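Only one chain is shown below, in structure tokens, and it's the form deposited in one PDB entry.
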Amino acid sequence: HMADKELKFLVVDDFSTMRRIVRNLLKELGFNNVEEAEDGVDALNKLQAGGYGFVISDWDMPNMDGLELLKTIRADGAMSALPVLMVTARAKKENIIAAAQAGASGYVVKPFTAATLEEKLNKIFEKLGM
């Protein structure tokens, strides 16, 4: 899709507080079409339902972690191009490499500011012509 008010986001994290941060930041930026999932399976269930244009996802989560989530999305014919922004406390260079090589559209380290999220989302929008 396009980075207009209608773009539908999926915000994935096993902790409510973290999802709430992202949802509120997106609202501020003018994106109100936003759904949440608590783990990778929950996320795929919603994604396969259709209509999503952007995923923002944690890494460490039960049932299916965010790296598996990202890999699954990238390998799936119907959603292989979906933007996926990783947002995680994992800061080791080897975590960043693993996610980058798996196809992350971007990578933000927790804790993060409103400015940081905005600029990294905008970097992805520009890269993809949205």
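Start at 1 with the first residue shown and count on from there.
The form solved in complex with a partner chain is left out here; the points below concern that form.
In the deposited bound form, its partner chain lies within 4.5 Å of some heavy atom of residue 93. By the criterion of a heavy atom within 4.5 Å, residue 97 is counted among the residues contacting its partner chain in the deposited bound form. Although the partner is absent here, residue 8 sits far enough away that none of its heavy atoms falls within 4.5 Å of its partner chain in the deposited bound form.
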